[PDB]
Amino acid sequence: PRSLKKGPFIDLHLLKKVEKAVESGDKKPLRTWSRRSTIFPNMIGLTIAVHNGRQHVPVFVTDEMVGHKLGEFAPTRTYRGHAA
Amino acid sequence: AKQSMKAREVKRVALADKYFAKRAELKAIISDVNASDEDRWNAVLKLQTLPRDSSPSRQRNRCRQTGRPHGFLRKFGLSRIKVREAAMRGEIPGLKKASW
Amino acid sequence: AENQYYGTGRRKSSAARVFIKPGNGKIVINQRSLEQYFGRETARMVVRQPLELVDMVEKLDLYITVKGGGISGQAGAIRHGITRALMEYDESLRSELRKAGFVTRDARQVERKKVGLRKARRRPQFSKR
Amino acid sequence: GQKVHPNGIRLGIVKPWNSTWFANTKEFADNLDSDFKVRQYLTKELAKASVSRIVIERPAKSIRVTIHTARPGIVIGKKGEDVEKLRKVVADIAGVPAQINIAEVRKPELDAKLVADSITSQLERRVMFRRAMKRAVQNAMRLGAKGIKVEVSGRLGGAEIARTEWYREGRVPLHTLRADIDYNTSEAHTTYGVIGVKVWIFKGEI
Amino acid sequence: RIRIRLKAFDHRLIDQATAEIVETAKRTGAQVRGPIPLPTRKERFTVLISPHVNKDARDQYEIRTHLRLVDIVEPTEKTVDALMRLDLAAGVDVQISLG
Amino acid sequence: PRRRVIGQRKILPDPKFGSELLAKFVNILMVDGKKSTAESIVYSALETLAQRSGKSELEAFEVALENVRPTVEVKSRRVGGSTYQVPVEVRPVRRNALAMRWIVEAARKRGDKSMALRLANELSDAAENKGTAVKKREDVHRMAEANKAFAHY
RNA sequence: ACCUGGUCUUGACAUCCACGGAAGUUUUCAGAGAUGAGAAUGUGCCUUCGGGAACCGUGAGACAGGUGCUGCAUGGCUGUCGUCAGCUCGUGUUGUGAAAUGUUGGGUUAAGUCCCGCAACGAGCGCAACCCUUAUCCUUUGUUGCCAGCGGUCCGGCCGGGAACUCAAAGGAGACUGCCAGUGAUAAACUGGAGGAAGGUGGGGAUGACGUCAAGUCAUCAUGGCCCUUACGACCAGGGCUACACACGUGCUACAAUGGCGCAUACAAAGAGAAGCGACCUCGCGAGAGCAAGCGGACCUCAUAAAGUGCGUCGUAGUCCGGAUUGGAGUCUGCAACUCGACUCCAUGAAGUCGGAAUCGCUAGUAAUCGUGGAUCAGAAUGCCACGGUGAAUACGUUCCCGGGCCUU
Ligand SMILES: [K+]
Ligand SMILES: [K+]
Ligand SMILES: [K+]
Ligand SMILES: [K+]
Ligand SMILES: [K+]
Ligand SMILES: [K+]
Ligand SMILES: [K+]
Ligand SMILES: [K+]
Ligand SMILES: [K+]
Ligand SMILES: [K+]
Ligand SMILES: [Mg+2]
Ligand SMILES: [Mg+2]
Ligand SMILES: [Mg+2]
Ligand SMILES: [Mg+2]
Ligand SMILES: [Mg+2]
Ligand SMILES: [Mg+2]
Ligand SMILES: [Mg+2]
Ligand SMILES: [Mg+2]
Ligand SMILES: [Mg+2]
Ligand SMILES: [Mg+2]
Ligand SMILES: [Mg+2]
Ligand SMILES: [Mg+2]
Ligand SMILES: [Mg+2]
Ligand SMILES: [Mg+2]
Ligand SMILES: [Mg+2]
Ligand SMILES: [Mg+2]
Ligand SMILES: [Mg+2]
Ligand SMILES: [Mg+2]
């Protein structure tokens with residue numbers, strides 16, 4: 001994964017969005033296309049709608065999601081089995 | 001290749017040339033071992049602000065006569081087909097059919 | 001039998017320079033003894049063969065430098081160079097050396113790899129359908 | 001089956017290169033691209049000048065272009081005006097000082113590129129392809145070639161089914177490496193599509 | 001002492017250049033060591049000859065770069081200036097070193 | 001082949017004894033071109049055989065070869081009708097080649113600790129007319145005897 | 001080049017006309033970006049200082065644009081029978097004619113190769129040769145390459161030297177059934193022998209006849225015709241091309257003792273390198289990091305070859321075989337390793353104990369086995385192309401299987 005000496009990566013626009021959302025009582029979902037951003041210990045509690053390719057799925061950020069990327073909670077491929 | 005596809009490459013080359021040093025010093029700051037823990041963060045955030053097309057890794061070598069993105073050769077700047085045509089016409093100095 | 005006699009031997013990618021002079025039977029190869037350099041009994045026999053054939057093993061001193069190739073190639077090149085040095089020393093041994101087959105330079109080299117083949121001749125596995 | 005290129009197979013034996021300069025990998029591709037652009041411009045400009053070969057040399061920080069032509073007067077113009085204009089444009093394209101030399105192709109009927117271009121122009125003018133090829137072969141044989149072969153492929157005469165037709169006289173020993181074989185091709189863009197022409201001319205063994 | 005390094009794609013051209021260099025160097029008093037034939041470089045290329053598929057149908061080409069070394073030991077003043085104006089033929093790369 | 005243009009290739013004699021016979025045996029035993037490994041295995045097995053018996057290495061090897069060598073084999077011959085297994089005499093070179101190949105295969109099939117030990121045990125069994133490659137010679141001779149009636153095709 | 005969403009319409013890429021403007025640099029906001037709204041700084045260069053002439057923006061309209069369809073409209077390029085020894089023409093002659101002859105026949109050859117015969121006489125494309133490379137020798141040159149005789153020496157060609165040798169690369173010689181014997185139709189030719197590094201095409205490569213499959217490619221390119229034009233054109237972000245009950249092809253690694261593991265210790269060839277190869281030293285178990293020589297290279301770096309050999313151990317076990325899978329912790333490239341990179345460390349330790357019917361490659365430095373390099377390339381090979389090391393078995397023969405050549409029916 002990303003080198004420790006460089007620190008976890010986060011998109012600047014998403015960082016600004018979470019900064020503007022945490023200080024306020026804004027509980028509206030934060031729509032984003034940035035699946036590459038690491039989940040930081042500053043936005044636990046609000047819902048982020050991560051793009052999966054064709055829509056934004058809402059993930060409720062908890063403590064256990066810290067260190068993962070936003071895309072890990074937005075699957076991109078639809079599968080239901082063969083002849084099932 | 002398409003005209004738009006060739007224009008994309010020329011634009012990418014221009015952007016990389018324009019933002020060359022402004023990327024190099026930011027990367028040096030980020031990779032600096034003895035740098036602080038907040039100027040590194042600022043440099044990392046600033047590197048994303050530059051247009052993506054300014055990174056040299058976005059460039060794809062293309063045939064300089066057709067635009068073909070596959071089968072490129074750096075020594076001649078052309079795809080394999082055009083290299084063969086020029087070689088047979090005798091337009092590539094010193095290049096002949098090899099056998100050993 | 002008063003001055004140094006020289007021979008060149010070649011085998012695969014090995015080239016050997018052999019200097020011969022009257023002596024008692026000491027052999028040096030790349031500033032090492034024969035047993036120190038060639039740990040293979042086959043290589044030792046190949047090196048010794050012309051001397052055993054001509055019955056002059058302990059009448060000469062051998063100074064040899066070799067480069068390139070591997071153990072067997074270097075041993076064969078040494079044998080060829082020793083044969084040429086003996087021929088330069090005495091010209092009456094040419095018939096017996098040729099009868100033994102040491103005068104001939106072995107020209108077998110590694111066949112080049114070719115397009116469409118895994119090796120010089122091994123083709124990829126074929127299937128009708 | 002497919003045949004090797006007659007010029008390419010002889011490039012180091014009896015035939016010379018069309019570009020004679022040395023370069024490292026740093027500027028090899030740039031030199032190739034500039035040569036391509038120069039040849040493109042010259043071929044487009046001197047379309048009616050019967051240009052057979054464009055040789056490019058780079059002695060030192062300069063470009064020297066030799067144009068083999070059958071109409072040197074048309075190439076040069078009045079007191080070198082046209083050749084001076086071409087020199088200016090070539091220097092502008094190459095980015096280095098340019099020097100243009102004119103070489104005389106006597107007997108254009110014995111030059112493969114010129115013969116192919118003549119046949120192509122006739123085809124675009126809607127001359128009978130059979131007549132064109134027969135005339136070319138007869139002219140070369142009369143001028144004294146040891147052999148010639150002409151091949152025309154495509155929708156000949158506007159036919160729906162394309163085909164290939166060739167004529168040969170004398171000997172054209174394509175398997176003899178030391179044979180002087182001048183080979184060249186051309187294309188005609190008729191209302192029914194593209195017709196390809198290939199010309200081999202044999203001039204004796206060296 | 002000065003070093004002359006000659007690169008060429010044509011060994012006949014490089015031989016002509018070396019011969020004229022050694023002639024114009026020996027005529028002007030200074031002596032010359034060589035010329036020395038350095039190992040030829042053989043760059044190889046393999047290309048697919050069909051526009052589509054047929055992976056086993058290829059053309060193999062090569063470029064041979066020939067290399068020559070010329071030693072001029074004890075160069076005189078009339079020797080030094082009699083070199084750059086020689087204007088060797090095109091297709092020969094010349095590198096001058098002050099060794 | 002069709003053209004009958006195949007000569008013969010000289011083989012260097014083995015180091016310890018100078019026997020092309022043993023050199024061919026080493027060649028047959030060798031895998032992947034590891035001739036030194038094959039030679040070491042053969043030498044260890046031969047020394048074990050020599051210390052087991054009272055004869056020299058070459059004499060014991062010759063006894064084993066004499067016990068394993070076949071004389072008549074069966075080869076297929078297709079004529080108008082059906083194919084018959086015709087018995088044919090084996091030339092001496094093929095006798096030696098078959099004996100060596102059968103001995104090596106039997107030793108490889110054995111299940112002792114080391115390959116040298118397996119080869120020594122196989123050679124001793126061959127000298128005493130027991131075990132595999134001896135059963136193989138017997139099977140070949142039995143097939144030839146059963147098809148002796150076809151020894152004119 | 002595909003999908004979802006957000007956007008543009010003379011337009012991302014050209015020419016022409018009108019207008020405003022040097023082009024450019026430095027920042028702010030919104031968006032997620034495309035983009036929009038701004039905010040400062042410069043305003044240069046010929047100039048008869050009438051104008052321009054670069055480069056931008058806007059305005060229309062001739063147009064641009066299409067990896068859209070037709071490879072069954074095409075050029076060019078390629079596969080294939082097949083590197084098989086064939087395929088033809090002129091004139092003559094035969095036949096009412098399609099056609100035949102030549103090109104068939106006796107021999108011989110790898111060869112329609114050659115000789116003899118012959119209503120054929122000649123010629124062309126193919127065969128062979130001319131080309132590259134490899135095996136031997138000679139001459140020239142001798143650094144960055146070499147060290148035989150010398151002199152020193154820190155024992156390192158290290159230094160003074162030497163031009164002998166290996167070698168580097170230019171020019172030559174050499175192999176031609178040339179000589180001998182036998183056979184053969186007083187032939188072609190074959191069999192054997194001498195000399196030689198090489199003997200009969202010395203080994204390998206390049207080289208692909210007339211044609212065949214309406215074979216492949218309109219997505220390298222070009223092109224006839226057809227089709228779209230506020231959209232099948234253009235820009236952007238995210239996703240997909242990496243899916244997964246299954247089936248096939250091509251490979252890699254194994255199932256072990258001719259082996260695994262530990263220590264020690266030899267012997268290659270070929271190649272690449274400047275936004276590059278990157279030494280030494282230090283740090284880290286390691287992937288790597290910091291500092292920093294040298295090298296556009298016979299000089300420096302990549303870069304320790306491995307198999308091999310010596311010693312020790314394991315003792316036939318699903319094992320000290322095998323290393324798939326998974327958890328945790330990291331490194332590097334890159335705006336960015338979630339989908340979806342490579343590599344490292346610790347732990348985990350699957351199937352697999354030689355594989356049914358069937359099926360593939362290989363005739364010698366080959367197969368097998370062992371490492372090394374290169375193109376592509378920021379990173380990303382078990383693929384591809386190339387290089388050496390070790391190094392076999394077997395070929396009695398042409399009845400049978402597959403493909404092919406010649407004559408005849
Ligand atoms: K086609
Ligand atoms: K009749
Ligand atoms: K006729
Ligand atoms: K089309
Ligand atoms: K993707
Ligand atoms: K694989
Ligand atoms: K498989
Ligand atoms: K285990
Ligand atoms: K990834
Ligand atoms: K028939
Ligand atoms: Mg286009
Ligand atoms: Mg890329
Ligand atoms: Mg190999
Ligand atoms: Mg296939
Ligand atoms: Mg087709
Ligand atoms: Mg015929
Ligand atoms: Mg006929
Ligand atoms: Mg012929
Ligand atoms: Mg006849
Ligand atoms: Mg040929
Ligand atoms: Mg078709
Ligand atoms: Mg198709
Ligand atoms: Mg995209
Ligand atoms: Mg795919
Ligand atoms: Mg293990
Ligand atoms: Mg064969
Ligand atoms: Mg790479
Ligand atoms: Mg025949």
Side-chain angles (χ1 to χ4, degrees), chain B residues 85-91 96-97, chain D residues 1-19 39 42-43 46-55 66-72 75 102-125 127-154 156 164-188 194-206:
Chain B
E85 295 185 4
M88 284 330 81
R89 272 199 306 270
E91 287 166 23
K96 55 194 278 196
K97 286 187 60 93
Chain D
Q2 280 61 249
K3 296 96 156 91
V4 73
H5 203 285
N7 183 249
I9 202 51
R10 289 168 182 85
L11 263 184
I13 309 165
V14 298
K15 292 266 144 192
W17 277 261
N18 281 0
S19 278
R39 285 203 179 91
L42 284 179
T43 280
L46 307 178
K48 322 294 225 333
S50 297
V51 178
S52 97
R53 174 151 85 115
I54 298 165
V55 177
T66 317
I67 315 188
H68 293 64
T69 181
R71 260 95 71 105
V75 170
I102 311 301
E104 185 70 350
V105 185
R106 48 194 73 261
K107 309 190 262 69
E109 302 82 21
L110 287 189
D111 178 275
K113 181 57 171 155
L114 293 186
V115 171
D117 282 316
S118 147
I119 294 160
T120 277
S121 86
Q122 282 164 92
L123 291 180
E124 277 159 328
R125 289 208 319 277
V127 181
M128 286 331 138
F129 72 90
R130 193 106 54 190
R131 169 169 29 130
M133 329 174 33
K134 291 269 198 28
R135 198 209 314 313
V137 164
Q138 289 161 358
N139 287 344
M141 277 336 260
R142 179 191 80 238
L143 257 62
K146 308 304 204 25
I148 173 160
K149 181 163 71 168
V150 183
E151 169 176 318
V152 176
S153 310
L156 322 181
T164 291
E165 303 235 4
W166 56 280
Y167 285 115
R168 202 231 321 276
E169 289 242 338
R171 49 201 294 270
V172 185
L174 297 178
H175 278 66
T176 306
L177 295 173
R178 66 163 187 226
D180 191 0
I181 307 276
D182 186 8
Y183 161 94
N184 230 305
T185 84
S186 196
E187 280 184 350
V194 176
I195 287 183
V197 182
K198 308 179 165 157
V199 180
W200 308 250
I201 302 176
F202 179 44
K203 291 165 215 204
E205 285 168 5
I206 313 181

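Note on naming: letters A, B, ... go to the chains in the order of the sequence lines (proteins, then strands), and numbering restarts at 1 for each one. Basis for what follows: all heavy atoms, side chains included, without hydrogens, waters or symmetry-related copies.
Between the CD atom of B:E91 and the CD1 atom of D:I54 there is a distance of 9.0 Å, given to the nearest 0.5 Å. Between the NZ atom of D:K203 and the NZ atom of D:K146 there is a distance of 11.5 Å, given to the nearest 0.5 Å. We find the CG-CE distance between D:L110 and D:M141 to be 10.0 Å, quoted to the nearest 0.5 Å.
Side-chain atoms of D:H68 and D:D111, non-hydrogen and from C-beta on, never get closer than 4.5 Å to each other. You'll find the side chain of D:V51 stays beyond 4.5 Å of the side chain of D:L42, heavy atoms only. Side chains of D:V137 and D:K134 form no contact here, defined as non-hydrogen atoms less than 4.5 Å apart. Using a 4.5 Å heavy-atom cutoff, the side chains of D:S19 and D:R39 are in contact. Between D:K15 and D:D182, the closest side-chain pair of non-hydrogen atoms falls below 4.5 Å. Contact annotation: the side chain of D:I195 approaches that of D:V152 to within less than 4.5 Å [non-hydrogen atoms, C-beta and beyond].
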Any chance you could lay out the side-chain contact (heavy atoms from CB on, under 4.5 Å) test for D:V14 and D:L177, step after step, and finish with the verdict? CA-CA 8 Å; D:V14 298; D:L177 295 173; over 6 Å; no

What's the verdict on side-chain contact (heavy atoms from CB on, under 4.5 Å) for D:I201 and D:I148, showing C-alpha distance, side-chain angles and the deciding distance? CA-CA 4 Å; D:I201 302 176; D:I148 173 160; 3.9 Å; yes

Let's go through B:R89 and D:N18 carefully: what are the C-alpha distance in whole Å and the side-chain angles of both, what is the deciding distance for side-chain contact (heavy atoms from CB on, under 4.5 Å) to 0.1 Å, and is it a yes or a no? CA-CA 8 Å; B:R89 272 199 306 270; D:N18 281 0; 5.7 Å; no

Dump the intermediate steps for side-chain contact (heavy atoms from CB on, under 4.5 Å) on D:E165 and D:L156, then the final yes or no. CA-CA 9 Å; D:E165 303 235 4; D:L156 322 181; 3.6 Å; yes

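Take D:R171 and apply the side-chain contact (heavy atoms from CB on, under 4.5 Å) test, not counting sequence neighbours, and it matches D:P173, D:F202, D:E205. In terms of the side-chain contact (heavy atoms from CB on, under 4.5 Å) criterion, residue partners of D:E104 (sequence neighbours excluded) are, by chain and number, D:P72, D:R106.
Remark: side-chain polar atoms of D:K113 are paired, donor with acceptor, to backbone N or O of D:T185 under 3.5 angstrom. The closest donor-acceptor contact from the side chain of D:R142 to the backbone of D:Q138 lies at 3.5 Å or more, if one exists at all. Between the side chain of D:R178 and the backbone N or O of D:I13 there is no donor-acceptor pair closer than 3.5 Å. Side chain of D:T69 to main chain of D:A49: a donor-acceptor pair is present (N/O by atom type, distance under 3.5 Å, no hydrogens or angles).
Closest heavy-atom contact between D:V115 and D:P108: CG2-O, 4.0 Å. Heavy atoms only, all atoms of each residue included: D:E124 and D:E187 are closest at OE2-O, 4.5 Å. Heavy atoms only, all atoms of each residue included: D:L11 and D:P16 are closest at CD2-O, 3.6 Å. Of all non-hydrogen atoms in D:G147 and D:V172, the two that sit nearest each other are C-CG2, 4.0 Å. Between D:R10 and D:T176, the shortest heavy-atom contact is NH2-O, 2.9 Å. Across D:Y167 and D:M133, no two heavy atoms sit closer than the pair CD1-CE, 3.5 Å.
By the 30° and 60° cut-offs, the orientation of the rings of D:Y183 relative to D:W200 is tilted.
Using modelled atom types, one finds a donor on one side chain and an acceptor on the other under 3.5 Å when comparing D:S118 with D:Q122.
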